[PDB]
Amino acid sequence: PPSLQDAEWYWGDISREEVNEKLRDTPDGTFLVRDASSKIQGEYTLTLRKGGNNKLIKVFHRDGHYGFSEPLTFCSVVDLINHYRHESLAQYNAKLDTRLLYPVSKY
């Protein structure tokens, strides 16, 4: 199974300023994942371009599962992201009606 470290859209320890530079002028559905500001292992933050803004979505992690809200149903961050490449986040929040379309790639 592909690891999070090897995902093209996972940038690790980068700042919001760096994220905002990468998302400037990008279309809706542009996205990346970075480590959460808490700097706690297993805590990550999805940044999604929508409406010219950079929306921050916490990735929750409990009991070996991940997700945006309870119930947490995904076995990895990679599985969570790949799911929303093909389903809108509108289910999580009506203001996030886009799929994850355009990864910001580190490769």
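Start at 1 with the first residue shown and count on from there.
Stretches 76-84 and 34-42 differ in mean CA B factor, with 34-42 having the higher one. Stretches compared: 12-20, 87-95. Higher mean C-alpha B-factor in the entry: 87-95. Per the PDB record, residue ranking by Cα B-factor puts residue 64 in the highest third of the chain. Residue 27: CA B factor in the middle third of modelled residues in this chain (values from the PDB entry).
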